[PDB]
Amino acid sequence: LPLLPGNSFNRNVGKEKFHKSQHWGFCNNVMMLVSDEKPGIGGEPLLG
Amino acid sequence: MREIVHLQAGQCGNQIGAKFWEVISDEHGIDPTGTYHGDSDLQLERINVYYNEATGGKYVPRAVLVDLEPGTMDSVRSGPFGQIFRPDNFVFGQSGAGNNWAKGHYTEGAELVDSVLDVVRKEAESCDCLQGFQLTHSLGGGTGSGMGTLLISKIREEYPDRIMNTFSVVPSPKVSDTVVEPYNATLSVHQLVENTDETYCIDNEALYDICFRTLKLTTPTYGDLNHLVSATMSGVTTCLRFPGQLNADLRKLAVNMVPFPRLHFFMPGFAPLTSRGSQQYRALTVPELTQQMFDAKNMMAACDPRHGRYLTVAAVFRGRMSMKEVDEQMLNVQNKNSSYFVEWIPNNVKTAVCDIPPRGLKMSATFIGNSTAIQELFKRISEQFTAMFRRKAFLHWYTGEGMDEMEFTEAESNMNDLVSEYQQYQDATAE
Amino acid sequence: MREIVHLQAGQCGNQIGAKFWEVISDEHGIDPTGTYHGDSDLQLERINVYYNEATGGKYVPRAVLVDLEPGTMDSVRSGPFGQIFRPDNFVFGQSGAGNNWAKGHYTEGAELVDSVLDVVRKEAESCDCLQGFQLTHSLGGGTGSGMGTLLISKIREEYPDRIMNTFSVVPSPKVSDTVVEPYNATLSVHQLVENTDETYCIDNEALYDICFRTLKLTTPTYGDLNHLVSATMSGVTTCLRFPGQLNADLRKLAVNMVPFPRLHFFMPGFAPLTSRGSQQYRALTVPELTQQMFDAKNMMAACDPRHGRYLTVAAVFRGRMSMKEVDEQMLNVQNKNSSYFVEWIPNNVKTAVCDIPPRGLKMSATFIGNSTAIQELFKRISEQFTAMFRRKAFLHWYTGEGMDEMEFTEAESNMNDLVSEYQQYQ
Amino acid sequence: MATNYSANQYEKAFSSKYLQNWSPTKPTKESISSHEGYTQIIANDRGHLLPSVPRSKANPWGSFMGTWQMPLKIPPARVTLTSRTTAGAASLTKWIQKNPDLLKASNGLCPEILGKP
Amino acid sequence: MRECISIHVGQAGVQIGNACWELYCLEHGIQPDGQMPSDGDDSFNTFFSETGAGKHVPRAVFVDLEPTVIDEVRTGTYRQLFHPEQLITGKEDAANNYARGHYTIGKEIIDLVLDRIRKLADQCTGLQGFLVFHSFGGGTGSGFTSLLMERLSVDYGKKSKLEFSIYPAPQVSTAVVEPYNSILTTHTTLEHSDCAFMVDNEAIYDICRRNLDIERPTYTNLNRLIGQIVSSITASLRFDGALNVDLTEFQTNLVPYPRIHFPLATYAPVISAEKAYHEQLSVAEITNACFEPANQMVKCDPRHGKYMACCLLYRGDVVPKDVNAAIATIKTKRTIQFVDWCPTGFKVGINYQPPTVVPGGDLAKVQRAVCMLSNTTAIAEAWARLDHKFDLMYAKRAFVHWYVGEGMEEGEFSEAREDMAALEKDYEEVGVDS
Amino acid sequence: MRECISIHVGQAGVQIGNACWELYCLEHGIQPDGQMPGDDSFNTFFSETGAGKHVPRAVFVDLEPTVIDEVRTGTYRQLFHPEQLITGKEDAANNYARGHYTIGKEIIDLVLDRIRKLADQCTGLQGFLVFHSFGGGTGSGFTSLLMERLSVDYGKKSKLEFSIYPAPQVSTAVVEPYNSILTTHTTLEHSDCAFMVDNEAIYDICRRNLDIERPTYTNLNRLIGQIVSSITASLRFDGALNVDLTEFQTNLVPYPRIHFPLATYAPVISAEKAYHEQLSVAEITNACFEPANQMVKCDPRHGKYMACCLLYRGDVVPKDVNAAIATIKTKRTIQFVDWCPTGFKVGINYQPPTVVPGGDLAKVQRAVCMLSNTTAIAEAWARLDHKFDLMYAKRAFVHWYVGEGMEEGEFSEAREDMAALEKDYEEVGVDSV
Ligand SMILES: Nc1nc2c(ncn2[C@@H]2O[C@H](COP(=O)(O)OP(=O)(O)OP(=O)(O)O)[C@@H](O)[C@H]2O)c(=O)[nH]1
Ligand SMILES: Nc1nc2c(ncn2[C@@H]2O[C@H](COP(=O)(O)OP(=O)(O)OP(=O)(O)O)[C@@H](O)[C@H]2O)c(=O)[nH]1
Ligand SMILES: Nc1nc2c(ncn2[C@@H]2O[C@H](COP(=O)(O)OP(=O)(O)O)[C@@H](O)[C@H]2O)c(=O)[nH]1
Ligand SMILES: Nc1nc2c(ncn2[C@@H]2O[C@H](COP(=O)(O)OP(=O)(O)O)[C@@H](O)[C@H]2O)c(=O)[nH]1
Ligand SMILES: [Mg+2]
Ligand SMILES: [Mg+2]
């Protein structure tokens, strides 16, 4: 399945806990990436 | 030697760009880490078009992600390919647009364009010979419509002698995902007609209808629609980064499909979309790509080309194929239908051929059509705009934020002059 | 190079159409999967006439299936040979016609011609040099007679200089499987006389006669009747896809059959059909074929040629045979019978010879006969249309869909004139 | 949304019966008029119509007829005068003509008359 | 995608619905719980609907004005099959009163009934029509059914509305205001219906006594027979056949004129297991048994009248050649008479699946069967007798205050009697040969 | 960052706050002590502390201790901040004048100080959600000047309202028309959008859908909490396309005097009927338009829809939404005004609703909440005006209001203002030829 139009499937079929953290935010009046150590969606680590 | 800088405006632009960079990372064999894991030697010849080299052999995209509310920006970063974009390329405020063209253009989108053009200048001055700019946005929102046109009008006066390609999600005829779609669409099209070099009108009705009656999916989430749009974007720029027999880049295509300066709205299409249940029933031949390219059900816009006259047509092929078959198929499809092509232009179709087909595919083709039947979109938008505007519906949200009421009337008048130009060039004769 | 596009309308068109593609998939050695499993290399010489080449050596038919209800399309797809058809060629609505001509022509069938002509235009332009079209329907229904005549008048305006064939199942005299049968049968013959090149009249009464006294079948289901029709549809075009000593296509038979453009209603027959008990009591010769071919019990239409005059006659032989014995028998039947043949046309019978017989059989022949005695068919319908119409029975199902009442009186006068064209040549 | 706009080439997929809605249907705008120039403003800031603008005379809230407001003797929906007498079919036309409020309603049973007696 | 909505109104409607839906469940192999044991078949989509958890819910609406008929269904064996809202229940019955069932009590629950009908019809993906099961004599089944069909024709444009009516028997009658309710029903129903298959209890009693050899039948056997009839009608939709009939074709093929939509229903063979051992059941015998006057399921003799149109539906191990031969044998007789303006009098349908056996039943296990819907002129005598009873009761203005004080004016009686008097002349004008 | 401030004023607001914050703790996995058993989706509602303790961004306001002491004593005593529960001394006693002019000025400084202290810790504030009831003395009188001072301090933040409207037949108080008139006359100019419910419609829904013959206020509070969670779920969780708190402010208020939507939720069924019913995307949005499923006792067939907002949660794909919306679009019984040719907004979120233990709703895979602005509210306004001037024609109950601080001309000016409001609705409904 070499990524053609329609050659994809839902990752969200049997998944629960669709959360989202605040990776992007402001600190010291500066646009920043706040943390760099945060889970992806539902507690899952962000691929390394 | 021809770098392309990518602009992603709004949440629609952010999701479509996050799919597009995934698609061409798969095309060039770049892993989600950022390194190169590929087999051919041709995938590294032209990679500076989209990627910047770093220290350690890392290729990072030449894209900037502009938004106002970082919710979709977090959703972009929490994805599969969210770790390849540089964190300095993410630009965001702290207040929502709220589906307001005034909030996107005047009040909240005025303090952010300074940062956006700072980042855009930083990316554009690193290129050895910049080709142009690409933009992804939607005409039914607050940040894509409100600030995307501001970015267009800023970077075009900064860089006049370049090209501007827009992939714009026009309002749907029956979805109506926003109540103030006619206001936002009219006020954005009035800027696009003056400040855009090429516009591609991509519509969600046509995307859904292609995705059922041609691809035969049952549950088409937005990943599939973004994949179709991303395949169109990859097929447009393919001769720039892969060799072939007859090369044609974006400037050449714009030259050969824009005969008058106000006429730069295009219908796209993609050709080998094969059904999930019917792939042993079809053959892979150039006439079978052409028959699907020129099918009226295969356009990515909700307008019927049979209602007007094809001004110009461009076809970009991918794969190893014979030139005689391609030329005779374009000649046959021109000659057999003499009522859907303007008679004062012979040879309405440009052809380009690239050597490398997409991965897992044998042949490919992309169709870009400049047609007079695009006046139906602007006519519907103008009629809905006057139906709302005659009654002062929803006007306080726009007028109480420093917008005069003559702006609406001048936008309507420019849209009506444009559709009059389209009607005149439909009704013109050879004599 | 000479392609034939098959159009199937109705449930009668779909059950005949599904049995037809089962027959010529065995002549060309095509499995239910679709690939080729055969012994001769001559079977693939002319296979582009009926099949479209696909990837991996798979052949799909050039047939479009049209119906206003998927009730019969589901039964076709669940059969043995239901996997060969392209799934984009199935065209179907969601409301039946209800054996009403007005609904199938004006109200319900008017939406469905938007989708059919997208499929017909896709298959017709993919050919190299289109020979002509083909239709299978019934004149006693709502889909076959209603929309099947809407498709004829729409693909003839697009493609005027072609060959239009119809295998139309006319109503039977005593069967009468529809109460409103002559309204649909008269309003459809009025449309066939102006828009069709050749028409083959098939009657279900005559197919019952053959399966009783010739084939001696105790239980003749419609699987066997749709075999008899499909053995004639493949015998007419057998010179298009097989070599011979003297060959004749669809156009060559129509030139030699039709002396005046209104007279194009034929009567088919097949020849070597024999019961299982009398298989060993019969010798295979060309006079054995010519005797059964001209038999009045062997016609597929409920019209007796002994009551009329043979205008023109054709025969399409199959199998290796001598050209003297073929040309001797057609002369011998004309010399004895000087009353059943017209006098201002000498040598009424045309002959064609193919070389490849059907599998497991030594010789064959297909009979096409234009006769004056086909006026028996149009006169027993015009007496039943006029019987119902003067009391105005069942008009509110037709006039209530917008149809004018002068259209009924025009369908009388076009068909009452047609029986007077045939009388003056008897 | 007083107006429904056609999808031009995809209008068949959005027909009323294909979307599983078997009742009658609001009309679809097949053809679109073309204007020329900006639109004069006819309404107030509060949405009120200006004094010079002509107005309609129907109910400002709608034309819905409930169960207890519909006529006691509702006319039929299929009316064919093909086989009736010249006076029997005349009573059918007067029956439909008697109640113009049912024909004008948003629900609006609209019989279609065909034929001659 | 050939769906069909069942609307069972009245006590007769509810009991016939129970007897029908038991047969449907056993035909499609669905438990009383609602789920098929083990078992990708979709043939039940005509009558059932797939919940995602593998449970099938019927496409029927049970309507009543009294709780003690629906409560037996709600606490019976099939208490888990039906949806809770599909069993709609009134509070106080109409009590043999057309005015009560039309204007006062029937005007209340009609919005809820139409809402549930709208939900089912939006669930359906291709709709053949509605089948309304009711009785002319009863207050609910007459009065509520009249305005149900009026508002149903208002809501849905020209869809098929088939009727299964319990006609008043000529001698046996439970009620006494039955002619009043029947006149006031049919006068409204004339312009708002498509076809009305009629069966009455006296003829089915005689059939069940003579043929099935049951000395004391109840309503259960009659409702089983009616369920067999409706299964034979819908078997062409549900199972494949040689040539099959839709739900619109015999609406078109049995109604020759706008005021005449009253066929009669007959089934063959209705024989017991002691006589099925002896009798050979061929194709000709069952279709000769349909045409007999004693086997007719309406207490009327068609030898007085002339057949207008016929519709035959064969099921089982049947070949079309014997059907053709037997139809020719019926046509060549002299005791069966057809009108002169109908030379093509028949319609034929053929199906493969034989009728199923319900345990505890009465009918035998057979290989072939046949149903018939025939339109005769021999119902003008039934209309004349019913108008006799109406006029005889109405000359003294008896039982009239029970309608006048509960909703309707008094001139509606005279207008309905004039409409039926015109219908008599309609039938006699149609029945004259030219 | 995308975060809200909740203001629960009155006994109704406090009980709705209890039912809301129990649900919020359930979705974010916060124990009643206030500590998680990492993820930061709670930052919309809960704010961290250096001791690992999460405190809500809510302010409970009341003029009587007997409703706040239950919060201070019960299960969630360790969760709420001690100064977030502000309690007066004597109640407003069903008096708008007592709640606005005498008792309301004693704690308004403390309430505004606490609101400012919450907004200082807020880094980017979406807006305020005010929960109140029209028919209560505190919930109208104090809420009026609370909205006025919030508009004075915070210039253009979103101030969404969740208001218990007076039910047409069921009613508790007697001066309910006086209180409702006098609070609408001020919130008309000092509100942005007012989502409304009433008790009788939710009683009917809980009776005919959940088969609960004897509901209490707890079931109603849970049903309102589900709606508030469905509104804020686009901020808290990720979706295909999500909706901010400004977007349905802009897309439902066409005119400054017309900001009164109606709320509807679907599917609302029990576990005994979820076994039978199949709840697809089309059926729930066909159920939203049904008048028996409305949460305001009114019939929208007698009116014309001005605008609509749909919010989907769960296992939902976009073309089912599109097809069901077109099926709605092609129905004659649903009518729209003539000047709104694009009427809908659609938002989609991924996480299905969370079931509360001890509750009554069965949990499902998908749900939808509708916020519909329609013309058929002129019935409610005209009936309420009829009750007001019927009571006021002979000066009943007026000495109670006059002796507490207001002039009697305020009654006549408020009645004239809503007399103008009725004309506004009528002239908006009038078509143009
Ligand atoms: N064939 C048949 N007829 C029935 C059955 N039950 C009742 N009937 C007939 O129905 C007639 C009376 O009407 P019902 O159906 O009992 O009652 P209803 O229609 O609900 O009218 P109300 O009692 O006033 O509410 C009687 O004359 C019976 O002939 C049945 O199970 N089978
Ligand atoms: N829906 C709903 N309404 C409530 C609830 N609690 C109280 N109400 C409404 O509140 C109204 C009475 O005012 P309250 O909220 O009890 O008290 P108040 O607003 O503080 O006014 P005062 O008692 O005078 O201080 C009643 O009409 C109820 O409709 C509740 O839990 N749910
Ligand atoms: N093709 C596509 N369209 C999208 C996507 N997300 C949103 N849209 C469209 O964008 C339109 C709304 O634009 P909006 O999100 O308000 O733009 P914004 O205000 O700039 O963020 C809707 O009509 C959607 O159909 C996506 O991922 N793919
Ligand atoms: N020869 C033949 N005739 C058939 C077959 N099926 C049906 N018929 C005849 O077709 C006539 C009616 O066709 P009908 O079903 O109304 O066609 P439709 O309305 O187009 O679906 C009947 O008289 C049947 O005898 C078949 O398989 N073979
Ligand atoms: Mg009863
Ligand atoms: Mg209190």
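Just so it is clear, chain F uses Swiss-Prot numbers, and the residues here are 1-37, 45-440, in order.
The backbone N, Cα and C atoms fix where each Cβ goes, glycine too.
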Checking Swiss-Prot, the member of F:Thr179, F:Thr253, F:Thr257 that binds GTP with F:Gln11, F:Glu71, F:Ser140, F:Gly144, F:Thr145, F:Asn206, F:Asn228 is F:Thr179
Entries of F:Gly144, F:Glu254, F:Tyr282, F:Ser439 (recorded positions) sitting next to ligand 2, with Cβ under 6 Å as the cut-off: F:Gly144
Nearest of the recorded positions (F:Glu254, F:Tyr282, F:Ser439) to F:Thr179 (GTP binding site), judged by Cα-Cα distance: F:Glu254
Other CB atoms within 10 A, centred on F:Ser140 (GTP binding site): 27
If you count other CB atoms within 10 A of each CB, which of F:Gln11, F:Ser439 wins among these recorded positions? F:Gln11
Pairwise CA distance, F:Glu71 (GTP binding site) versus F:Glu254 (active site), rounded so that it is a whole Å: 36
F:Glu254 (active site) and F:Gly144 (GTP binding site), distance between Cα atoms, whole Å: 32
Where does F:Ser439 (phosphoserine) sit by DSSP, helix, strand or coil? strand
Going by C-alpha distance, which of the binding-site residues F:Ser140, F:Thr145, F:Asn206 is nearest to F:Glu254 (active site)? F:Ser140
Rounded to a whole angstrom, what is the C-alpha distance between F:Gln11 (GTP binding site) and F:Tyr282 (3'-nitrotyrosine)? 37
Neighbour-count leader, CB within 10 A, recorded positions: F:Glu71, F:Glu254: F:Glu254
DSSP, reduced to three states, assigns F:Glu254 (active site) to helix
Rounding to whole Å, the Cα atoms of F:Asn228 (GTP binding site) and F:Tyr282 (3'-nitrotyrosine) are apart by 25
Between F:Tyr282 (3'-nitrotyrosine) and F:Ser439 (phosphoserine), how many Å separate their Cα atoms? 50
Whole-number Å distance between the CA of F:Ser140 (GTP binding site) and the CA of F:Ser439 (phosphoserine)? 37
Among F:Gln11, F:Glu71, F:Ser140, F:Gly144, F:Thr145, F:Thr179, F:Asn206, F:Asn228, the record's GTP-binding residues, the widest C-alpha separation in angstrom comes to 23
